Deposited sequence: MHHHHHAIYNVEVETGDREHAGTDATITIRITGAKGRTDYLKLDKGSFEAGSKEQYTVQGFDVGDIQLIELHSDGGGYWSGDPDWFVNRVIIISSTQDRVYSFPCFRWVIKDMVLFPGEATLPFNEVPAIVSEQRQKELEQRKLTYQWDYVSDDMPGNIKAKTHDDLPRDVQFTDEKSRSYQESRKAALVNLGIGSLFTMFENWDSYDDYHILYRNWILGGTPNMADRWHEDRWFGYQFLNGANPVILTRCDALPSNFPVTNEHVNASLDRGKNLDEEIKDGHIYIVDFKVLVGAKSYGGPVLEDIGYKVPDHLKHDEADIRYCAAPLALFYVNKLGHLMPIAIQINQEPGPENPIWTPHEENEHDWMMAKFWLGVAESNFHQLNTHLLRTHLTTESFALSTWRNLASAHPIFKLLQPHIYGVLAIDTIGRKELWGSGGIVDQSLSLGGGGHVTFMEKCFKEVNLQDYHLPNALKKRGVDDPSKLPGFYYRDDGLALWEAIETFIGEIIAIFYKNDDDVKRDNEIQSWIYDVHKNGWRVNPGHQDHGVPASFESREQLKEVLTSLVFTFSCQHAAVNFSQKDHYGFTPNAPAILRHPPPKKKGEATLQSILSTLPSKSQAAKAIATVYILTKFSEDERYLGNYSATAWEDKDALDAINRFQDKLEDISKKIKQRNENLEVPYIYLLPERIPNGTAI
């Protein structure tokens, strides 16, 4: 004759989560559906758990609910309502129904009870219809847009506030970001006054520049940047640990011989023998040829052609050779500043007659490294490329889908920061233009050039390390990015495998899942588009197995969290003392040996205000928000399935073990490697 429904609603704790809109709820089940019933006694504050008792038609077994908000009245400041979950008990049913949400309620929100499902799993027809309608609507809200033909697809949004609220920064992240921008302007202005009439005449002058910033500690390379051992160390454990490969033969255009490097070898063998023993490594920045730097110079194979106080910046495409010495230290042993060898682009070594020439060579290798790292390793290959997958998750996976639930905490952030970044950070005029040689426009062309070579197999850490020849700790010791990254790769892969096995019982279940198929196909066709001049991007058009699904999800999750953390949060230590890693140089490279002086070097190195702006950029890009959730913290995820909860438990406990092992390893290091501690790795790419 009627049922009594006990309704409990948990509102999210985040700022503005609450609402004063009038809320109603309609309940549907096997027997029919109630009317919209008022939940209108008391307030919905952030963090609240509020209870209601409403009476209506007995729907029998409950199958879905619909919340409605009237959107507030004249005085409502922020009617949008963030709902974590609704729990209902019906007087006629011996069951507790739990409806996870974790999304913003704007006007209407449909929710289903119980565990995640694949689209073909058996559910009431009205559930399947609502699921199909959700996804129709996703496609109108979440649309592809592109910087150019040669960039990965991004979310269509003019500014951050045009984004769907589910993918905007939380108010806490927007405050953390806007406050960081204000603090940077204040610290720049105070440091500008303090240093205004400073005679800039030594490398140690640059130490002033980080002193009035809250960076979490003096840059850990400030005291040792000038030592070859610590210069070499950072190609393993600094901000850009992705380019060094094992050298099994010198490139024909980098004609280093035993006579150039023998004074550096110290295990009793010559250069050819050390190459065969796997102790010789190399970096090749050839991708930077053709790069257009601010003020006009265009990099050639030979460097630059024989050209008041204009802002003119330079870069380089060097090769550099390194050697693992008998103590296990990676030492820099040769640098050629540009690609085409000869007298005007010679090989520089730590044994230069003129010590300033070797220091200048190391600075040219750093400028190439900085521009490559910021634009390719960090901006393109974390943010801009994984942004396509975040967009495709919203377009193609229903909120009921288990892989939607898995990805939510990891995709969060990237749409918001990238929408902001296109306007304020690496877009035209942004803080990047003030701080990189390739700023001014050349930085977009350069990312385009890099994106043409991008392949999804690059995001597979064990395969990429093996491919680079850097995975054998007996030949290449002291490589903590590799050690910690591989431990976390395995932990994430194990977890994802266990989630997949709960919902997909065999390969057929993958092939039949039209949403996961649409998801990968959307990236394949519209996300990482193989356009004229592009290599294949390694994105499959479909999934055929559980293992293939695991491998793509692991790559993606590991990149959003760990890889971004390793190449982003390492920036204070890498760049905070400018001479450790200059990102702008002001004169072209030398065309003969014996020229460099401390003074010609200081005039090539960034100006005080260029260096200050680099520090400011790093400060902004590396600020953790006070609401950040770190790796494995799934406190705001929508899981209900008991087995999924247990898989999460095992994963968190694994992460906890990896954390203690990293801290134990660190206690014996001269310079602890902390960027891959789980407690410092955000779930996502949000800054």
Missing C-alpha runs, given along the deposited sequence, first residue counted as 1: 1-4, 312-316
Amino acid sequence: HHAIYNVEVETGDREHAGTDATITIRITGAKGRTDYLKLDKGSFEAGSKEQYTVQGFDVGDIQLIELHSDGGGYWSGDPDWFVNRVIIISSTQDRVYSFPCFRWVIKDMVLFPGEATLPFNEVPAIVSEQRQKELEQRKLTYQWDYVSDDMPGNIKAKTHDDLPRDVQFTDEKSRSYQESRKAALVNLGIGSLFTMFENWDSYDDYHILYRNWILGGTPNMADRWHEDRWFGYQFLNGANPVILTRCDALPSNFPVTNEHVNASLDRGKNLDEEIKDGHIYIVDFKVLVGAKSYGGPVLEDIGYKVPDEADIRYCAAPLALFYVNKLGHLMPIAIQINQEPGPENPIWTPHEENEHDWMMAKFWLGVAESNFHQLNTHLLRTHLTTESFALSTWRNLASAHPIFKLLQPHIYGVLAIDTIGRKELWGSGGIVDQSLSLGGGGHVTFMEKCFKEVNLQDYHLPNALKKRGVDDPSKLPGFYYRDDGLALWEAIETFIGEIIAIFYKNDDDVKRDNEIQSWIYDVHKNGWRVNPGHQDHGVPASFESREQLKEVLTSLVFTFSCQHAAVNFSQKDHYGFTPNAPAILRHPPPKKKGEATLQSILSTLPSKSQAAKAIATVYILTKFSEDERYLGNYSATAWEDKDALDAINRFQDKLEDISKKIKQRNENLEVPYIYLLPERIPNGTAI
From here on, numbers count along this sequence of modelled residues.
Mind pulling up the entry and telling me whether 449-457 or 287-295 has the higher mean Cα temperature factor? 287-295
Comparing average C-alpha B factors as deposited, tell me which of 309-317 and 461-469 sits higher. 309-317
Using the entry's values, work out which of 485, 427, 582, 232 has the largest Cα B factor. 427
Options 629, 650, 26, 31 - largest CA temperature factor per the record: 31
Looking at the entry's B-factor column for C-alpha atoms only, identify whether residue 184 ranks in the lowest, middle or highest third of its chain. middle
Select lowest, middle or highest to describe the third in which the CA B-factor of residue 57 falls within its chain in this entry. highest
Using the B-factor values recorded in the entry, state whether the Cα atom of residue 50 falls in the lowest, middle or highest third among the modelled residues of its chain. middle
Consider only the C-alpha atoms of the modelled residues in this chain, order them by B-factor as the entry records it, and name the third containing residue 134: lowest, middle or highest. highest
What third of its chain, lowest, middle or highest, does the C-alpha temperature factor of residue 149 fall into? middle
